[PDB]
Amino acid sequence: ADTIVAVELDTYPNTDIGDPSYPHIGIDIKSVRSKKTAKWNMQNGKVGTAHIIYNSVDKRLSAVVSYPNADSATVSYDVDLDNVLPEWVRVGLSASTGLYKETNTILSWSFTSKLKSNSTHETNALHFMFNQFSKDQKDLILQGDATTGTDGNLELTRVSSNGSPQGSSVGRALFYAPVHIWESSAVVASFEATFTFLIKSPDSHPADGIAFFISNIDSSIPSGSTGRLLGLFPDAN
């Protein structure tokens, strides 16, 4: 299977597979059963912001999700990603719907990665920023139901023309370029990601959520990963 490190914005409580009873954010290391979760007052129809950060000095993967004029939710897990991920990865956005549904709209995505060497004492670096997405976005790999160009936004899951989200949808977008995420010969490896999202449900209960994820370069949507598996895992182990 793929190797997956993910930060999940999980809108739907699957309490039979370790989810708490409320919308939550979570750090996923090779399982959909988050190693750490925190409560999250997702705001239906509002534009939200996720900030993810990692450095190799702290070995702490942290996420903060906020909306204008609200308390934030933050979650942190101590993990040494040199021991979990390959050296070269891809970075991506993933979302799903199941029996219940939501728009999984991305309005912007940025990402930075840096290696500062010990062997040569010099740095390697990648930064992208999308504030608009276009109909033909040749630096994104779109998988499953994911589309671009509707209002200059990335739609991770299937929406009708009037704007109605479909169930049993799964979708991802990956940056075209492999990223050098770690190097044993380095002093400080670090990355950050930021995206803004709009999750809108006609339902009183939306599902299933959005994740930022780091994977093997060849990662693809595992089979049957709609609903609670968020396009990231083949199963709930």
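Residues carry their position along the shown sequence, with the first being 1.
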Averaging the C-alpha temperature factors as deposited, the higher value of 101-109 versus 150-158 falls on 150-158
Given the B-factors recorded for C-alpha atoms, which segment has the greater mean, 69-77 or 118-126? 118-126
Options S169, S34, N44, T196 - largest CA temperature factor per the record: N44
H51 - which third its CA temperature factor falls in, relative to the rest of the chain: lowest
C-alpha B factor of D28, ranked within the chain: lowest, middle or highest third? middle
Looking at the entry's B-factor column for C-alpha atoms only, identify whether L230 ranks in the lowest, middle or highest third of its chain. lowest
Taking the C-alpha B-factors as the PDB entry records them, is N14 in the lowest, middle or highest third of its chain? lowest
B-factor third for the C-alpha atom of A189 within its chain: highest
